[PDB]
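Chemist: Test case, fold it:
(chains A and B, ligands or ions: 7)
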Amino acid sequence: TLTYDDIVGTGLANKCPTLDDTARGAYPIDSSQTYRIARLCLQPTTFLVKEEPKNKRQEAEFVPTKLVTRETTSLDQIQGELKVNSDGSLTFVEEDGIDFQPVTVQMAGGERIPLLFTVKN
Amino acid sequence: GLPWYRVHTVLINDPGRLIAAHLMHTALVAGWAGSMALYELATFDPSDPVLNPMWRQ
Ligand code: CLA
Ligand code: CLA
Ligand code: CLA
Ligand code: CLA
Ligand code: CLA
Ligand SMILES: CCCCCCCCCCCCCCCC(=O)OC[C@H](COP(=O)(O)OC[C@@H](O)CO)OC(=O)CCCCCCCCCCCCCCC
Ligand SMILES: CCCCCCCS[C@@H]1O[C@H](CO)[C@@H](O)[C@H](O)[C@H]1O
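Modeler: Numbering: from 1, shown residues only, chains lettered A, B, ... in the order given. Ligands and ions are numbered 1, 2, ... in the order given. Provided below are the atomic coordinates:
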């Protein structure tokens, strides 16, 4: 539908594909057949970091942070096998893809928190 | 000549230069306020209003 030149520089390339509000159906699993996830995409919308109080007696909170590394955060083109187990549960086993992004966020007061946002293995 | 402790008396009969001196004084005071705030912000630790509030710092 859309080409690179429609997308380039807009920010859409850091977004995962969405589905319609009407898409509330069901996808049948046939336990005779083997399956794969052909594409898995993850688009973070919030990074929270747990506060580290000197008073290790209070319940420490995850707090909002400001992203400083721009629209470079999404995991995409991830694939792997989707096993069907004896109990009918499904197990996704990640094999390959763009499965990590270095991300720096900033706490109130300016402390920068780099992290390797990932789903490796 | 004027003794050292009287130098500013040249402004008594000079409203314009008195306003100038007052303006300079006001500028020094506002400059101090700005400086002091910046120094305080450069040193202040905001991470604990409970056991390390501003008045402990
Ligand atoms: C609004 C406040 C104010 C103002 C506008 C004045 C203005 C004046 N005073 Mg008065 N006076 C004041 C309050 C004030 N005074 C206070 C609080 C005291 C008691 C400490 C005095 C005691 C006093 C005496 C005994 C005399 C004056 C004199 C004078 C005149 C000449 C001043 C001069 O040339 O000094 C020149 C000063 C210097 C060259 C250096 C002074 C250095 C000081 C001592 C230390 C540094 C201070 C620092 C820079 C400022 C700190 C700010 C502070 C407010 C926190 C002038 C009309 C003289 C006068 O009447 O002449 C006919 C005079 O003999 N004043
Ligand atoms: C609000 C401050 C203030 C203002 C508006 C004035 C205004 C005036 N003064 Mg006065 N004076 C002041 C404070 C002030 N003075 C102080 C603190 C002293 C003692 C040093 C004097 C001593 C003085 C003398 C001897 C004379 C005047 C005179 C005058 C007039 C002409 C300008 C001049 O010659 O300045 C001279 C004064 C200065 C240039 C101030 C000295 C600067 C000091 C050292 C501060 C340095 C600032 C620096 C950036 C900070 C250092 C940081 C440090 C930690 C390293 C004018 C009415 C003249 C006048 O007309 O006589 C009839 C004159 O002869 N003043
Ligand atoms: C409507 C007329 C009017 C107004 C609004 C003022 C207001 C003021 N006067 Mg007074 N004054 C007046 C009539 C007026 N005066 C008349 C007719 C005389 C006889 C000539 C005087 C004699 C006089 C003397 C000797 C002094 C004052 C000073 C002051 C100031 C003291 C507070 C200060 O500096 O705050 C801090 C300043 C601010 C927060 C900034 C305010 C923004 C300004 C007003 C904008 C500047 C642009 C403006 C068009 C030019 C100046 C306007 C002028 C009428 C004040 C203040 C701005 C003192 C002063 O100037 O000290 C520095 C001072 O020494 N006045
Ligand atoms: C209500 C508040 C207030 C009042 C009434 C004044 C009044 C005055 N100021 Mg200002 N000032 C203020 C707030 C105030 N200040 C604040 C918040 C700041 C920022 C820190 C300043 C910064 C400032 C500077 C830089 C200067 C003034 C000066 C002056 C004097 C100018 C008139 C003069 O010729 O005196 C003649 C001087 C006197 C009458 C002597 C004042 C005696 C003071 C009160 C005690 C000083 C203590 C000690 C002996 C010296 C300090 C130790 C040293 C190591 C610093 C006058 C006494 C000027 C001045 O003093 O010029 C000579 C001057 O240079 N003020
Ligand atoms: C232009 C407008 C303006 C505004 C909105 C501010 C705002 C502020 N200032 Mg700044 N400041 C200004 C101009 C201004 N300032 C100017 C022109 C100077 C140079 C003189 C300064 C110098 C200054 C200093 C040194 C400081 C501030 C500080 C502050 C903060 C606290 C204010 C406070 O506690 O006041 C207190 C004010 C009063 C209690 C008013 C006193 C009024 C007296 C009693 C009046 C007496 C005479 C009157 C005519 C009597 C008749 C009354 C009648 C109604 C009956 C606030 C963010 C503080 C800060 O946090 O710094 C970072 C601080 O330390 N300011
Ligand atoms: C924040 C920025 C700060 C700015 C810095 C400000 C610098 C100003 C410093 C002011 C210095 C003033 C000195 C003036 C000194 C001075 O000029 O004195 C002599 C002076 C004489 O004045 P006359 O009226 O005779 O006029 C002569 C003129 O030529 C003077 O300008 O009298 C005074 O000034 C009165 C003050 C008495 C002070 C006398 C005390 C001396 C006693 C000795 C104390 C030690 C012994 C104790 C033993 C126990
Ligand atoms: C003339 C004022 C301009 C100076 C503004 C400085 C930026 S603001 C500065 O940022 C730091 C790091 O995020 C904080 O630790 C500190 O509390 C804050 O004051």
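
Chemist: Check which helix or strand residue 37 maps to.
Modeler: No chain specified, so I'll use chain A. strand A:35-42 (DSSP states H and E).

Chemist: Hmm, no, I was thinking of chain B.
Modeler: Using DSSP H and E, residue B:37 sits in helix B:15-43.

Chemist: how close does the residue nearest to residue A:12 when sequence neighbours are not counted get to residue A:113?
Modeler: Spatial nearest neighbour of residue A:12, chain neighbours left out: residue A:2 (7.9 Å); criterion: C-beta to C-beta, 6 or more residues apart in numbering or on different chains. Backbone N, C-alpha and C define where each C-beta goes, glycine included. As judged by C-beta to C-beta, to the nearest Å, residue A:2 and residue A:113 stand 34 Å apart.

Chemist: Need the residues that contact stretch A:16-30.
Modeler: Here stretch A:16-30 makes contact (C-beta atoms under 8 Å, 6 or more residues apart in numbering or on different chains) with A:35, A:41-43, A:74, A:76, A:84, A:88, A:90.

Chemist: same question but for stretch A:32-52, I mixed them up
Modeler: Residues from elsewhere that reach stretch A:32-52 (C-beta under 8 Å, 6+ apart): A:14-17, A:29, A:60-65, A:67, A:73-84, A:90, A:92, A:94, A:97, A:103, A:105, A:107, A:113, A:115, A:117, A:119.

Chemist: do that again at 6 Å, thanks
Modeler: Stretch A:32-52 is contacted by residues A:15-16, A:60-63, A:65, A:73-76, A:78-82, A:92, A:105, A:113 when judged by C-beta atoms under 6 Å, 6 or more residues apart in numbering or on different chains.

Chemist: Could you count how many residues lie near the residue nearest to residue A:81 when sequence neighbours are not counted?
Modeler: Spatial nearest neighbour of residue A:81, excluding adjacent residues (C-beta to C-beta, 6+ apart): residue A:93 at 5.0 Å. Residues contacting residue A:93 under the criterion other C-beta atoms under 10 Å in any protein chain shown number 11.
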